[PDB]
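One chain is shown next in structure tokens, namely the form deposited in one PDB entry.
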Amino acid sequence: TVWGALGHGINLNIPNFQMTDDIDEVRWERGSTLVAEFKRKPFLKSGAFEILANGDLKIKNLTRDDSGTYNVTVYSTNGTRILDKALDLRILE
């Protein structure tokens, strides 16, 4: 339990913790609501995928299921939706 005076700021300290390079995620939440979220590593649905340094999507092993349309959505530091493109992945034969 932590006390803090109104109007002024407070830092909720994380108990027995030491921020190391091993740490990938730290998620602060008040109830079900996500308050603050930190994550070092990019999100990948499965191991089949891999996001590149230039934003490109790399599907490691193609499969009939891997077809369908994909959507790229890029946002700037400001947060504006800079880009919004669609790609139709089709399997050759």
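Throughout, rigid core stands for the largest set of C-alpha atoms superposing within 1.5 Å between the two forms. Residues carry their position along the shown sequence, with the first being 1.
There is another form of the same protein, the form deposited in another entry; it is not shown, and what comes next is about it.
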C-alpha of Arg27 moved at least 2 Å between this form and the one not shown on rigid core | yes
For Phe17, decide whether the Cα shift between this form and the one not shown is 2 Å or greater, given a superposition on the rigid core.
-> yes
How does the C-alpha distance between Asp24 and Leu52 change in the other entry compared with the present structure, closer or farther, given a change of 3 angstroms or more?
-> farther
Shown form as baseline, in the other entry, CA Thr20-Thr77 shift of 3 Å or more puts them farther
